[PDB]
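Given next, in structure tokens, is a single chain: the form deposited in one PDB entry.
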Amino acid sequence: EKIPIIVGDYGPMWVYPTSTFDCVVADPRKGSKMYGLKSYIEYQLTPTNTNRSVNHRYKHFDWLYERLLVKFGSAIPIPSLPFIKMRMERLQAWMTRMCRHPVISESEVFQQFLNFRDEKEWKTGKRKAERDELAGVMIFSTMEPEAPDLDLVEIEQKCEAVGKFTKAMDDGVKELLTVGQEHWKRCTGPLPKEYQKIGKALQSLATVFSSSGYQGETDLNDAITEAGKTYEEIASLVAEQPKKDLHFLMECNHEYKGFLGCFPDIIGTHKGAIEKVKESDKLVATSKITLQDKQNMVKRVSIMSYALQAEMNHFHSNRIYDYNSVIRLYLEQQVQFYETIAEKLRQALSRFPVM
């Protein structure tokens, strides 16, 4: 139950498993086990390291989320929980995020949540997890850095840096979320309505032209009619596009907003401990606390800083990769969208007689 922290090329870091761990979130109705329906809805989970599945209602994920916050929340951001399709997709991302965390994934509570053989066993793990007193700031007593105690100057400097980065990032992420959502509303509301109105207006005109009854302008008006229909198709394409690109950019940012929202408490707790150590000389001299106690606060604050730096290294490595991946995906999809519109308009153009 001890959590190692080592120092690598980026300073403090967790100990990562030699093989990646993950978990499939699926519909039990589709599984290979005989399954009796209900409400509640359940999710079937199959860890990568086993063929065994367990089922869980949504409430159980809420339960795990709280257990994880309570136990690890002083040190580790816990991602926020979430159509029905969309809930399952978000729960898969959430599970994967936790499975890939080298501390969470190894915790008794996470493992038992995924590996119980019968209802009895579940309720048993559930109660044990609910009574686990190694929680809040007590979690640090289980962590063991493989490196020398840090001095207060460095501890303070690291903490301040994390506070500054996470605050600035939170602002930047909220800005992107706000403007993206504003754009999303326009792209599914007023904008496709405009294309639709232009397209229908072209068809209306074509129909009037048709009423000249003159047979010679039939192909001319057909081409205008078809261009109007093309603009209606473009309207649908525009309205459906965000689900293919902007949605993923938004999802990644929502997830990071979720991580970032854990930092006020984490940083407050860290700064609180630093302040108490800073007071420790006065506190001792005034016989308000003993020497050994001071010793333990000093030791504890160094473990906290190792844990804080380890988690930030986890945070940054994921951050860099995730933002790179999602922004590339966003741009790829956008390229295809604009190409698609150009091609549709190209086809509309090709139908017109040349005069």
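Whichever C-alpha set is largest while still superposing within 1.5 Å between the two forms counts as the rigid core. A residue's number is simply how far along the shown sequence it sits, counting from 1.
Gap check for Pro82 to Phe83: 10 or more deposited residues are absent from the model. Checked against the record, the higher mean CA B factor of 279 to 287 and 90 to 98 lies with 279 to 287. In this entry, the higher average B-factor at the C-alpha atoms falls on 13 to 21, of the pair 336 to 344 and 13 to 21. When the C-alpha B-factors of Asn313, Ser302, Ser325, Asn296 are read from the PDB record, the largest value belongs to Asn296. Out of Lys167, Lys120, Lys71, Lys244, the entry records its largest CA B-factor for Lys120. Split the chain's modelled residues into thirds by C-alpha temperature factor. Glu232 is in the middle one. The entry lists a Cα temperature factor for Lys126 that places it in the highest third of the chain's modelled residues. Looking at the C-alpha B-factors along this chain, the one for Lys185 belongs to the highest third. When all modelled residues of the chain are sorted by CA temperature factor, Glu175 is found within the middle third. Sort the chain's modelled residues by C-alpha temperature factor and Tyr256 lands in the lowest third, per the entry.
In what follows, reference is made to the form deposited in another entry, a form of this protein that is not presented.
A movement of the C-alpha atom of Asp27 falling short of 2 angstroms is seen between this form and the one not shown when the two forms are aligned on their rigid core.
When two forms of a protein are overlaid on their rigid core, residues whose CA moves 2 Å or more are considered shifted, and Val70 is not one of them between this form and the one not shown. After superposition on the rigid core, displacement of the C-alpha of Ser317 between this form and the one not shown stays below 2 Å. In the other entry, the Cα-Cα separation between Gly36 and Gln44 grows by 3 Å or more relative to the displayed conformation.
Note on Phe116 and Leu37: their C-alpha atoms are more widely spaced in the other entry, a change of at least 3 Å from this conformation.
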